[PDB]
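Proteins get letters first, then strands, A, B, ... in listed order; numbering begins at 1 in each. Atoms considered below: every heavy atom in the structure, side chains included; atoms not considered: hydrogens, waters and symmetry mates. Ligands are counted one by one from 1 in listed order, and the atoms in each one are counted from 1 as well.
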Amino acid sequence: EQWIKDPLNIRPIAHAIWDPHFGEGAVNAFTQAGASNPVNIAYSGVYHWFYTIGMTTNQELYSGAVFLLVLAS
Amino acid sequence: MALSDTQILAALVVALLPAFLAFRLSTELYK
Amino acid sequence: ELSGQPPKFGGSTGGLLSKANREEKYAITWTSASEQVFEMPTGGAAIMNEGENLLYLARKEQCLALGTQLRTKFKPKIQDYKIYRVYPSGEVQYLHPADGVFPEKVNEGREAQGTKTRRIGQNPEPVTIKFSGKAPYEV
Amino acid sequence: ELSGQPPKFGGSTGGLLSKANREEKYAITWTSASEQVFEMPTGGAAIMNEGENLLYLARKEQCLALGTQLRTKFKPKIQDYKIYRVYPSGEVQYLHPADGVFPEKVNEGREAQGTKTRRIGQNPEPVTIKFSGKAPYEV
Amino acid sequence: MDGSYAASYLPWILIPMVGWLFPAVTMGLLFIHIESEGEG
Amino acid sequence: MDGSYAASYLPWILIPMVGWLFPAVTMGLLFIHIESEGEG
Amino acid sequence: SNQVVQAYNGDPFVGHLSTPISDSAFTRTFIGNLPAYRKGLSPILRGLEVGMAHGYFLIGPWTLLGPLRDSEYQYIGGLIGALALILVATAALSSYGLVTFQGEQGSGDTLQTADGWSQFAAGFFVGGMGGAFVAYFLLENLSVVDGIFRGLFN
Amino acid sequence: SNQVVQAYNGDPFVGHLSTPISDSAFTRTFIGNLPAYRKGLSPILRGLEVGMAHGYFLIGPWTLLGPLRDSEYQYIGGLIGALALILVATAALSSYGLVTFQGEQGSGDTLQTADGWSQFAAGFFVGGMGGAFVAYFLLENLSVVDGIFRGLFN
Amino acid sequence: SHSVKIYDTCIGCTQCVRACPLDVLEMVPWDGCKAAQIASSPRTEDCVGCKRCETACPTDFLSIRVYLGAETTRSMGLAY
Ligand code: CLA
Ligand code: CLA
Ligand code: CLA
Ligand code: CLA
Ligand code: CLA
Ligand code: CLA
Ligand code: CLA
Ligand code: CLA
Ligand code: CLA
Ligand SMILES: CC1=C(/C=C/C(C)=C/C=C/C(C)=C/C=C/C=C(C)/C=C/C=C(C)/C=C/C2=C(C)CCCC2(C)C)C(C)(C)CCC1
Ligand code: SF4
Ligand SMILES: [Ca+2]
Ligand SMILES: [Ca+2]
């Protein structure tokens with residue numbers, strides 16, 4: 001949703017990093033794109049695809065994830 | 001807005017169902 | 001050895017426990033003219049085969065209740081069942097009917113055991129047999 | 001039993017491993033007119049005794065390489081070696097030469113096995129033998 | 001490491017579970033299975 | 001106890017080694033040896 | 001056929017049923033590879049694994065719900081409760097083994113002899129107090145375990 | 001003669017050599033009296049001695065070189081690393097024993113059976129975590145051990 | 001074990017038998033060639049798959065063919 005507000009100067013975020021091997025320098029370096037935790041910047045086009053199809057909220061993404069869980073079931 | 005803790009735990013409880021179904025399918029494909 | 005086909009049964013929780021392989025079990029054999037359904041004494045219904053049938057049960061009373069059902073609940077009365085006691089060593093002891101004749105009918109060669117030559121009211125007093133280890137009915 | 005003196009050898013790391021006492025080993029026996037030095041197939045040089053010699057090796061190929069050396073690298077050609085397979089149960093199976101004659105020379109009583117009555121180019125197509133479990137050369 | 005997201009204790013428990021417990025259990029079961037001299 | 005000499009950790013480790021480890025090891029090996037009913 | 005409910009080990013007169021809970025392939029390969037049933041195990045190893053799991057989990061209820069849970073010695077009280085319960089459980093296990101295998105010893109399960117059950121009880125003791133102390137040592141230096149899992153020291 | 005290099009057990013065709021490293025009298029009396037080879041030992045005692053030595057020495061590398069070595073929990077991190085490594089080693093030992101001794105059991109070494117190897121793995125576990133905790137307890141109260149060895153308290 | 005097959009273009013030169021280092025092949029009497037002998041493979045359980053016999057064969061499109069199949073201790077040439 002933060003990327004929804006400004007989809008030209010905010011880097012998309014793939015997922016959060018939970019690596020106990022990180023030092024303080026790598027924690028500060030990967031705390032990027034407005035996050036408060038170390039994250040990876042997504043490059044798959046994923047944020048642009050879900051913006052072009054009209055999805056605007058994380059709750060819709062969660063509902064679709066539960067839907068794909070039961071579809072896989 | 002962000003999701004809740006209960007949402008995340010409910011999603012994991014849901015994900016227990018395709019885990020069991022994948023175990024069943026892999027067991028049936030093995031024989 | 002004991003011969004007979006087992007009656008076809010889906011299985012039940014009421015059947016043999018570890019006493020069967022540990023202490024004893026019981027067997028009932030009977031010949032059947034046709035294939036019909038009987039009631040298991042351990043709950044449920046089983047189908048007895050045509051010809052010889054051999055069933056394993058936990059107690060003698062279950063076998064005798066089955067034999068009572070065989071004599072009383074079938075229009076051709078199955079009156080030839082044999083009930084045995086089976087030990088885990090493999091020895092099979094024949095129980096019922098012991099002399100080949102049902103016990104409600106008299107037979108020669110049967111010895112009177114448990115018979116008392118006195119009446120019920122002429123048992124002696126307990127005070128007469130104190131510190132003997134024997135009851136009024138045992139003397 | 002297998003007879004022959006072991007060739008005198010200082011020992012080597014190239015010899016028998018646990019497969020010899022676990023699965024199988026091989027033996028080569030040969031008669032020698034004199035005492036001369038041969039090359040071990042496991043590296044190094046050994047001295048073979050005058051008379052019977054019995055050598056234990058790990059593989060059949062090592063015994064046959066030794067036999068090739070015996071036939072080709074000695075001026076009196078040792079042409080009477082016998083190669084056996086020895087099992088840990090103690091059974092000794094005679095291997096080479098199997099009929100008493102070296103296999104490059106023909107002998108009557110030898111049955112043709114692995115022989116095909118068709119040419120190499122007239123093997124059938126694989127598509128003709130699908131889901132049969134057998135290769136074109138096995139049919 | 002930390003997280004502002006919901007249930008931030010879940011990476012704390014699940015990264016060692018998916019990195020250590022799951023592969024050690026899987027390779028142990030697979031090693032016992034692929035060396036089973038049962039029937040063939 | 002302390003020492004101004006070089007490698008003062010060496011009495012610290014070697015006094016228990018020569019007082020405890022060496023005699024206990026030596027008497028254990030000697031007790032096993034002098035009771036060995038091997039050949040004679 | 002398609003019926004998943006069958007007679008237990010092919011005998012319809014034994015009082016049990018072949019069910020997907022009782023006699024599925026997962027059930028046999030899981031229960032039969034539990035330490036109490038795992039083939040080839042010495043009984044001390046069976047008892048050791050059982051005790052480690054049991055003593056490890058028995059730390060928790062008194063740690064989080066006991067009378068010391070709101071003091072500074074909460075993990076201490078959880079550990080003492082778990083150790084005392086494991087002691088009572090080991091005494092019960094050994095007394096059961098003394099009572100059950102008085103007479104002749106079977107040639108089947110090594111576990112179901114007096115020798116094997118005593119080995120199992122010894123393993124259960126050692127594992128129970130080991131698991132209780134390792135769970136206490138994790139809980140008492142839980143800040144260090146948290147810093148390790150978050151990379152705070154590195 | 002004077003040649004110290006001979007055939008291994010008098011057989012020159014077995015792939016080994018009788019060397020002063022491989023087959024000296026010191027080598028036989030040392031290796032054959034190690035717990036893995038010491039005659040008459042129950043396999044749990046073999047595993048126990050092996051584990052005590054191994055868990056005691058495995059404290060050191062993470063204690064002095066691990067990521068917690070410059071924190072206040074240096075001995076803690078060394079102990080947790082050693083305990084986890086001993087746990088993985090015990091799991092590997094028990095899985096090897098389950099795999100190797102599936103079939104018939106030999107009448108020779110008691111160690112090389114499923115029963116004996118399970119006993120050995122149980123002993124290795126108990127010894128490994130015991131040796132790791134005793135080396136940690138020496139290192140965490142190293143000031144007391146130093147004062148004891150210097151007579152500072154007496 | 002590997003499979004060794006001998007086809008009817010064999011002219012009984014015995015070169016495959018001489019080249020074989022594991023005593024897989026013999027020569028048996030035959031009538032299809034002027035030499036009146038054909039190679040045979042009774043001992044394919046000892047065959048390692050080295051294809052020296054194929055290298056020795058002089059008939060164009062060789063009369064002996066080795067097909068690598070099931071792998072054993074003998075076929076992989078293991079001394080351990
Ligand atoms: C010592 C080296 C090392 C190690 C061990 C790790 C370890 C880790 N890093 Mg990492 N990292 C390192 C150096 C290292 N890092 C360095 C130098 C950098 C540069 C600064 C990073 C940057 C970095 C980022 C940016 C991220 C990580 C992440 C991770 C975690 C991935 C765990 C995961 O998803 O599941 C375990 C691993 C996998 C599932 C990968 C699968 C690959 C294998 C080969 C597949 C094998 C399949 C095959 C069939 C085998 C059979 C299956 C088996 C179960 C039997 C893990 C804790 C990620 C994280 O935090 O996770 C959320 C993450 O986003 N790291
Ligand atoms: C296949 C898609 C996928 C992928 C690549 C990942 C990848 C990751 N997840 Mg994740 N997750 C997924 C699906 C997936 N997730 C789903 C569907 C759910 C449930 C809604 C979750 C719930 C979840 C949680 C709660 C957490 C992660 C975390 C993580 C990270 C570390 C790994 C871990 O601890 O997993 C743990 C994952 C689970 C416990 C859930 C199981 C995941 C799915 C259901 C199984 C999919 C199996 C796969 C498709 C089978 C084929 C695999 C292939 C090798 C053959 C890593 C980036 C951790 C994290 O955020 O680290 C920063 C974390 O704490 N995931
Ligand atoms: C992807 C998964 C993953 C994860 C999460 C980690 C995580 C970690 N690695 Mg690591 N590593 C990985 C993969 C991973 N590694 C791979 C793939 C490689 C190379 C091939 C390495 C190579 C590597 C080296 C070389 C070292 C580490 C170390 C460390 C730890 C640094 C902090 C510390 O001292 O830990 C201490 C904590 C532990 C070692 C484990 C703690 C586990 C618990 C608390 C103990 C056991 C609890 C109990 C008995 C069992 C619970 C039972 C039940 C509840 C499950 C950290 C926990 C360092 C290390 O181990 O320091 C000791 C170190 O030296 N890593
Ligand atoms: C035989 C002569 C001799 C004698 C009587 C001593 C006596 C002593 N040494 Mg010493 N030492 C000697 C030779 C000797 N040393 C030599 C040659 C060296 C090597 C250069 C050392 C190196 C040494 C160190 C580093 C330390 C001592 C220490 C000590 C004291 C405590 C014992 C101990 O820990 O020993 C430990 C000794 C060694 C580790 C070295 C082995 C000693 C020699 C080489 C062996 C001699 C064996 C003997 C001759 C065989 C016959 C014995 C007889 C009973 C049959 C004690 C006063 C400790 C000390 O200063 O305490 C305050 C200490 O830390 N010594
Ligand atoms: C000549 C050698 C020697 C040395 C160095 C000592 C040293 C000591 N004696 Mg002693 N003693 C000796 C001979 C010696 N004695 C003899 C010959 C006698 C009489 C016949 C006595 C009779 C005596 C009495 C009656 C008492 C002492 C006590 C003590 C200790 C006082 C401090 C303390 O509490 O220790 C505590 C430390 C220890 C007892 C040993 C610590 C060893 C380590 C730290 C523990 C084990 C570590 C690990 C598991 C093994 C390592 C494996 C590998 C690395 C080797 C001190 C260490 C007192 C004592 O033991 O207090 C407890 C005591 O009451 N001594
Ligand atoms: C009355 C019910 C009750 C209560 C109140 C508790 C309470 C508790 N349980 Mg518990 N439990 C119960 C019933 C209960 N349990 C039952 C019925 C079972 C099943 C038999 C369990 C099984 C169980 C396990 C398996 C664990 C707990 C743990 C805990 C503690 C977690 C809270 C905490 O401080 O986090 C602190 C959380 C941790 C310290 C976890 C750190 C991560 C651990 C080490 C696992 C990491 C996995 C990793 C792969 C290990 C590496 C080693 C090797 C395999 C590589 C807490 C005291 C945990 C505990 O006691 O930890 C010491 C724990 O691990 N419980
Ligand atoms: C003076 C003799 C004596 C002593 C010091 C011990 C000491 C011990 N016994 Mg023990 N025991 C004894 C005689 C003794 N026993 C006798 C005669 C029997 C045969 C009935 C037993 C049968 C027995 C069993 C079956 C078990 C123990 C166990 C234990 C240990 C746990 C602590 C304990 O029981 O409370 C301290 C004990 C005392 C202060 C006095 C005990 C004396 C009475 C006769 C014991 C009564 C038996 C009873 C069932 C066990 C007590 C259980 C405990 C919860 C109270 C401890 C080392 C347990 C253990 O972990 O062993 C590895 C265990 O499983 N004992
Ligand atoms: C990466 C390599 C590496 C690293 C970094 C270490 C690091 C360490 N090792 Mg180690 N070690 C290694 C490899 C390594 N080791 C290998 C390969 C082996 C061989 C298997 C050993 C065997 C070894 C032993 C045997 C000991 C160490 C010890 C130590 C610690 C000594 C430093 C210190 O604080 O002194 C502190 C020094 C002490 C506390 C020693 C006090 C005296 C002890 C108790 C011996 C006294 C002998 C006495 C007779 C015992 C009495 C009992 C009875 C017999 C009477 C340190 C953490 C010591 C240790 O961990 O102590 C807990 C120790 O005793 N190491
Ligand atoms: C729910 C069942 C269950 C539970 C609670 C345990 C618990 C335990 N097992 Mg175990 N095990 C199980 C089933 C189980 N096992 C089964 C079915 C097998 C047969 C394959 C094994 C085979 C096995 C071996 C060979 C060993 C253990 C060991 C252990 C202890 C070390 C901690 C551990 O493994 O991580 C906690 C475990 C879990 C949270 C779940 C484990 C469930 C899977 C099926 C285990 C997979 C087997 C795998 C090779 C062992 C795990 C190794 C570990 C490093 C992850 C622990 C008490 C070790 C030990 O010290 O024993 C004395 C050891 O050497 N187990
Ligand atoms: C859910 C589920 C399940 C369940 C599971 C469980 C229930 C688990 C648990 C778990 C647990 C329960 C775990 C435990 C573990 C334990 C351990 C791991 C222990 C350890 C111990 C130790 C380590 C000890 C040691 C020692 C000693 C011996 C002495 C010295 C010191 C010490 C203390 C260290 C199942 C699979 C069924 C199914 C599916 C799902
Ligand atoms: S492949 Fe090698 S071993 Fe096999 S038959 Fe041909 S030459 Fe002999
Ligand atoms: Ca309170
Ligand atoms: Ca650090």
Side-chain angles (χ1 to χ4, degrees), chain A residues 14-21 37-40 62 65-66 68-69 72, chain B residues 7-16 18-19 22, chain D residues 61 64 114, chain E residues 1 3 5-25, chain G residues 52-53 56-57 130-131 134-135 137-138 141 144-145 147-154, chain H residues 61-63 65-69 71 73 76-88 129, chain I residues 1-4 16-25 39 41 43-44 46-57 64-68 74-75 77:
Chain A
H15 64 282
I17 297 159
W18 194 274
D19 186 7
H21 306 104
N37 41 40
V39 292
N40 282 113
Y62 175 78
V66 177
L68 291 164
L69 271 178
Chain B
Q7 252 170 313
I8 292 331
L9 306 175
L12 274 35
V13 167
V14 163
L16 281 200
Chain D
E61 193 179 353
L64 279 155
Chain E
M1 287 259 138
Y5 41 84
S8 269
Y9 54 91
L10 284 189
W12 192 102
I13 186 58
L14 279 169
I15 293 271
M17 275 190 60
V18 177
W20 311 335
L21 190 31
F22 164 69
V25 157
Chain G
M52 292 165 37
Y56 191 88
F57 95 93
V134 88
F137 190 84
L138 290 182
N141 331 97
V144 181
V145 178
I148 278 159
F149 276 0
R150 301 170 180 278
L152 288 183
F153 310 108
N154 58 61
Chain H
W62 281 302
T63 290
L65 289 162
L68 269 68
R69 79 195 174 276
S71 82
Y73 307 120
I76 284 321
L79 176 67
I80 301 300
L83 292 196
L85 190 57
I86 285 300
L87 193 51
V88 177
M129 325 271 200
Chain I
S1 305
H2 304 155
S3 317
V4 183
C16 66
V17 182
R18 298 185 209 280
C20 181
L22 274 108
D23 188 24
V24 181
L25 325 166
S41 58
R43 283 172 304 271
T44 52
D46 296 332
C47 174
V48 297
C50 71
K51 300 187 151 49
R52 281 194 210 178
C53 49
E54 288 186 1
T55 310
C57 192
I64 180 154
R65 213 69 167 92
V66 182
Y67 311 96
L68 310 201
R74 290 175 209 178
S75 67

Legend entry - Enclosure of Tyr73(H) OH (heavy-atom neighbours >12, cutoff 6.0 Å):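 It does not: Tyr73(H) OH has 12 such atoms or fewer within range.
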Inset, instruction - Could you see which bit of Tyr56(G) sits under 4.0 Å from ligand 3, with heavy atoms only: side chain, backbone, both or neither? - result: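 Within the 4.0 Å criterion, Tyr56(G) contacts ligand 3 through side-chain atoms alone.
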For ligand 3, which atoms, with element, lie under 4.0 Å from some heavy atom of [X]?
{"X": "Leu68(H)", "result": "34 (O)"}
{"X": "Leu138(G)", "result": "44 (C), 47 (C)"}
{"X": "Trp62(H)", "result": "59 (C), 60 (O), 61 (O), 62 (C), 63 (C), 64 (O)"}

Considering non-hydrogen atoms only, spot the tightest contact between [X] and [Y] and give its length.
{"X": "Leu152(G)", "Y": "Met1(E)", "result": "CD2-N, 4.2 Å"}
{"X": "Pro21(I)", "Y": "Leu64(D)", "result": "O-CB, 3.5 Å"}
{"X": "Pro20(A)", "Y": "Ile148(G)", "result": "CB-O, 3.6 Å"}

Inset, instruction - Calculate, to the nearest 0.5 Å, the distance between atoms OG1 and CD1 belonging to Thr55(I) and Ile64(I) respectively. - result: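 Going from the OG1 atom of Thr55(I) to the CD1 atom of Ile64(I) covers 10.5 Å.
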Legend entry - Nearby protein N/O/S atoms (those under 2.8 Å) for atom 2 (Fe) of ligand 11, with water ignored: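 Sorted hits: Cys50(I) SG.
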Using a cut-off of under 3.5 Å, which N/O atoms of ligand 2 pair up with protein N/O atoms, and what distance separates each pair?
residue  : atom   : partner  : partner atom : Å
ligand 2 : 34 (O) : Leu14(E) : O            : 3.4
ligand 2 : 64 (O) : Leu10(E) : O            : 3.4
ligand 2 : 64 (O) : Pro11(E) : N            : 3.1

Can you confirm whether [X] sits close enough to [Y] that some side-chain heavy atom of one is under 4.5 Å from a side-chain heavy atom of the other?
{"X": "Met129(H)", "Y": "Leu87(H)", "result": "yes"}
{"X": "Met52(G)", "Y": "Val134(G)", "result": "no"}
{"X": "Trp62(H)", "Y": "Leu68(H)", "result": "no"}
{"X": "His15(A)", "Y": "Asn40(A)", "result": "yes"}
{"X": "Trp18(A)", "Y": "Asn37(A)", "result": "no"}
{"X": "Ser41(I)", "Y": "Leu25(I)", "result": "yes"}

Inset, instruction - Measure from atom 10 (Mg) of ligand 3 to every N/O/S atom of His21(A) and report the name of the nearest one. - result: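 When I compare the N, O and S atoms of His21(A), NE2 is nearest to atom 10 (Mg) of ligand 3.
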Work out whether the distance between some heavy atom of [X] and some atom of ligand 3 is less than 4.0 Å.
{"X": "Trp20(E)", "value": "yes"}
{"X": "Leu83(H)", "value": "no"}
{"X": "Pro67(H)", "value": "yes"}

Inset, instruction - Applying salt bridge (charged side-chain N to carboxylate O under 4.0 Å, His left out), name anything that partners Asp23(I), two or more places apart in sequence or on another chain. - result: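 For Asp23(I) the salt bridge (charged side-chain N to carboxylate O under 4.0 Å, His left out) partners, ignoring immediate neighbours, are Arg43(I).
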With a 3.5 Å cut-off and sequence neighbours excluded, list the donor-acceptor pairs that the side chains of residues 9-25 of chain E form with protein atoms.
residue  : atom : partner   : partner atom : Å
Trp12(E) : NE1  : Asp146(G) : OD1          : 2.8

